[PDB]
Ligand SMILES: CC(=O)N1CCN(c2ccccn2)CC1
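Next up: a single chain in structure tokens, the form deposited without this ligand.
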């Protein structure tokens, strides 16, 4: 149907926006702390601590299968990245502080993004 197709052109254009957002977000991680999932070989207790791990590559796989239906959903995933790190790591570590920085820098990118998704529909 033509109704289905138009919904599909909207998903596709959300997807194109979200990809840009994810490149922007991930430029605020020059160190690449958050680029890949935590290794269960190198932090074998990780899953006793963190119930829903997240990382930028896992968001990117989801994005390329157009698995994000709106910006809230993508935002939820970004926030897990931050919130998981801030839980597992102590306030005086380079990891915790790299998440605070990514949160504050990420907040701006997502602030305008939210206006573009409401504006362009």
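Numbering follows the first chain given and starts at 1.
Residue range whose averaged C-alpha B-factor is higher in the record, 19-27 or 94-102: Per the PDB record, 19-27.
With reference to the PDB entry, specify whether the mean Cα temperature factor is higher for 77-85 or for 59-67. Mean C-alpha B-factor is greater for 59-67.
Out of 50, 35, 54, 43, which residue has the highest Cα temperature factor in the PDB record? The C-alpha B-factor peaks, among 50, 35, 54, 43, at 43.
Could you say whether, by C-alpha temperature factor, residue 5 belongs to the lowest, middle or highest third of its chain? Middle third.
This next part talks about the form deposited with this ligand bound, which is not shown.
If you drop this ligand in as it sits in the deposited bound form, superposing on the site C-alphas, does this form leave room, or do 3+ ligand atoms land within 2.4 Å of backbone or C-beta atoms? Answer open: no ligand atom comes within 2.4 Å of backbone or C-beta.
Note which of 66, 26, 58, 89 lies within 4.5 Å of this ligand in the deposited bound form, where distance is taken over heavy atoms; exactly one does. So the residue touching this ligand in the deposited bound form, by this definition, is 89.
Even though this ligand is not shown here, does it sit in the deposited bound form so that 38, 42 and 95 each have a heavy atom within 4.5 Å? Yes: each residue has a heavy atom within 4.5 Å of the partner.
Taking this ligand as it sits in the deposited bound form, is residue 33 near enough to touch it, meaning that at least one heavy atom pair lies within 4.5 angstroms? Yes, residue 33 is a contact residue.
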